[PDB]
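Structure first, commentary second.
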There are 2 protein chains.
Amino acid sequence: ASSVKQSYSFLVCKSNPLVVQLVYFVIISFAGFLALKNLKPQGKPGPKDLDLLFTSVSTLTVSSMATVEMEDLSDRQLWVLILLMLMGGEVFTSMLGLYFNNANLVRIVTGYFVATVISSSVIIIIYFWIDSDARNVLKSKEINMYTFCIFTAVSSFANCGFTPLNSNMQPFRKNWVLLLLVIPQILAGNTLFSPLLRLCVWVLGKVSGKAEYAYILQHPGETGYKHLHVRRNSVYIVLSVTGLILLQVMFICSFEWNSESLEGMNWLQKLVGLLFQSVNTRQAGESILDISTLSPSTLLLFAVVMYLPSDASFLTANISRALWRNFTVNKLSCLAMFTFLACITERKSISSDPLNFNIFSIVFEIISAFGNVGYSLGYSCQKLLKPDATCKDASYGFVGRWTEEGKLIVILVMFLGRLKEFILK
Amino acid sequence: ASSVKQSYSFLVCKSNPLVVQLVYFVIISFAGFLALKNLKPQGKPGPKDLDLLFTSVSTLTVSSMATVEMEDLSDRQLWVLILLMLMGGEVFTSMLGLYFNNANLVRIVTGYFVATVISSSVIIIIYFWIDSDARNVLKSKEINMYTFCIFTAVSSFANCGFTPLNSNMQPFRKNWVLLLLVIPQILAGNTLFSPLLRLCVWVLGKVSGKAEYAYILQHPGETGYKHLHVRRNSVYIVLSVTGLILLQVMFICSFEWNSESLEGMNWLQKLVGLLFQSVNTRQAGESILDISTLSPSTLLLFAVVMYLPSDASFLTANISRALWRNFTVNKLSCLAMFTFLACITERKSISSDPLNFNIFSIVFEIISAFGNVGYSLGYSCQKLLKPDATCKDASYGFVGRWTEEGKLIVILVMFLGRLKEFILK
């Protein structure tokens, strides 16, 4: 209770924000892994503790990188994941930071977060109530309807990318209404958070008439909030994200409109699904297509977009040994070093299975982990060079098929990716 | 004669250095392609004009990217390639720039260039004279001994990477003496040019005693030469290149010491060959191992090293739309765009043959072309998924197996890579 507040205040007063946030993430991830281990169902042999720790990290790190199938976790573990997502989302961490800075605009941010989460949950619950196809699908998968709704709302708002379905949103690719109802939740999380918050402050100031709201609106830098910029910067956020989404939609519609991953869908269904995928590419994680089946051009476009630094990390950020150090921090040297380590650890897998364990797939996984997106190129054992029937084609990401050292490397990459925009300064 | 000088002076007086150097490279490349077409041997159907143009560009662009086997060109075409290499090397272009700047240190630079070329040719000729194994190899390949020696010396000094042998220096991997005699020629070209020139100026000043040489030595910036830096910068050049070479040697010795590409070699032979490869990786192009057979970690290390900007481009170089433009020029956006284009053009090849036409191989080719290195991941038709016997496994680089649009894209990438450190300003 009060002891937590006292310890947090003591940490904040002396240590840097980076150190306190690293301690926060490490301790919460360890607690989540411990919980996931405790409420494991009895009798059935669950995943190894490393997979549970990886799932807890990816849930907290809102990176959605899966090592265990989402169907291998019970309802209680699903709610533990929901709690980790709530306590690890970008908006919630920024809200806690604002709390602690103000103690040593808070109401508006807390209201925005709580209202968005509650409205998303209610909207998804209502949509499942009106449409019985989703209820039938959930009954087939034996997943609690309300638990799935809350999980989906929290994951979409927090931009994590996890869903109780093992195939993520693939079973719901035909339901364009759900995708159109979920897209705003993703766009009200990490992406388009600053312009939406600015609009919320603007409408509150207009309706209330209080001069404090206008003062906050026109002095965004005085309050010190990272995600509250000037009108020009917010307009830049909207324009940049909209243009990137339109570019992604254009390229995917040009290339994979007739692909097998969209077969059996109407033109409107295909358009809505591709728009949902393009929105998710930046940082959501949720996918409706098996990203492996996409053409190499679209895969490279995905890699480029998830490599693009977040706009919050772009506006805010914008003897020879000092130049070397400055060059080592550019988001690219770390990616190259981690990809080199991952290729070292998976040398046997790459040599034996070059179709799935190729260098581009490892680059994609490293970019996904560092950018906290969640796109996994997957692993189809039908693509093995040597025909092996002992495979059980699993729905978890490519990282789940790596070695233990590879999983540890991806865990470190995800931790560094969440703690980015902080290591830079 | 004098008309050429008048035209060059007229171009220099008005246009920027970038424009005049671009027109110089374009016109010389076109002349070289026209020559290569003209002295093609009669009776035998040679390569298509696009392949000749690509070879002329890569020879001029000292990028060593091969579309045609080097055994398909006669002695006259080999000498045309030698002339293109001489007129397109980094040292020669810098020397011409110094000529035109001084007209509108020249003696020392010209002496260094001419003496290094002549001494390299004489040394290689002498080594072929003393050792008859190389003479036997050349007789087996039916290549003129003196022509091969001059070609090798010019290519090693100009850091191009071409050799009359189709397999490059692979037949000579056992001859460690030749590799140790060629390494200084490569290290006296583009790399270690500034420290070697500084040492040459220093010894000339010490022996002569003229104060002008010391004035040039201690005021490197006054003369305006790009490749003449201060003592600290030259020491940095030496230290950085030596450390990078040692790191590459360490990693390759750790990984591929027992690989098939080095089977049948003594420990000293393996060490010398790996050191030669590490020296060449930065920007030489010449290789003694089939780079395809190397492990993925070493391939990624090669990609990283050839992606590292030249130290001359590092020392010399070191509202939101303006920031976007500044971010678009970082050597990475261009690589991503060109790789995206190459993947678009080779979509059929990637889909049909994913083992050789994978995204990492295209990334490697694009990095090699932009960095003007010359490393090609190759194409072994035994790696086809579909077993096709119509193949004739050719010794030319991976780019020779691309589509015509892919070859054009690589030509553009090579032209931009040579004109790098210029487009940046």
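Numbering, chain B: per Swiss-Prot, residues 56-159, 219-432, 446-552 in sequence.
Every residue gets a Cβ built from N, Cα and C, even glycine.
Residue ranges B:259-279, B:482-502, B:524-544 are listed, and Swiss-Prot annotates B:524-544 among them as transmembrane segment. Counting same-chain residues at least six beyond the ends of the transmembrane segment (B:222-242), those with a Cβ under 8 angstroms from any Cβ of the stretch are 141, 146-147, 149-150, 153, 248-249, 252, 259-260, 262-264, 266-268, 270-271, 291-292, 295-296, 299, 302, 310-311, 314-315, 318, 339. Within its own chain, the topological domain 'Cytoplasmic' (B:545-552) has Cβ neighbours under 8 Å at 72-73, 76-77, 80, 116-118, 143, 424, 426-427, 430-431, 456, 458, 497, 499, counting only residues six or more beyond its boundaries.
Here the transmembrane segment (B:71-91) has long-range neighbours at 63, 104, 107-108, 110-112, 114-116, 128, 132, 135-136, 138-139, 142-143, 148, 152, 542, 545-546, 549-550, meaning same-chain residues at least 6 beyond its ends whose C-beta is under 8 angstroms from one of its own. Gap in the deposited chain: 13 residues are missing between B:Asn432 and B:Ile446, whose Cα atoms are separated by 23 Å. When Cβ-Cβ distances below 8 Å are used as the criterion, the transmembrane segment (B:449-471) is approached by residues 421, 423, 477, 486, 489-490, 492-494, 497, 529, 533, 536-537, 539-540, 543, 547, 550-551 of the same chain, each at least six residues removed from its ends. Within its own chain, the transmembrane segment (B:524-544) is flanked in space by residues 80-81, 105-106, 108-109, 112-113, 116, 118, 120-123, 461, 465, 468-469, 472-473, 476, 483, 488, 491-493, 496-499, 501, 503-506, 550, which lie at least six positions past its ends and keep a Cβ under 8 Å from the stretch.
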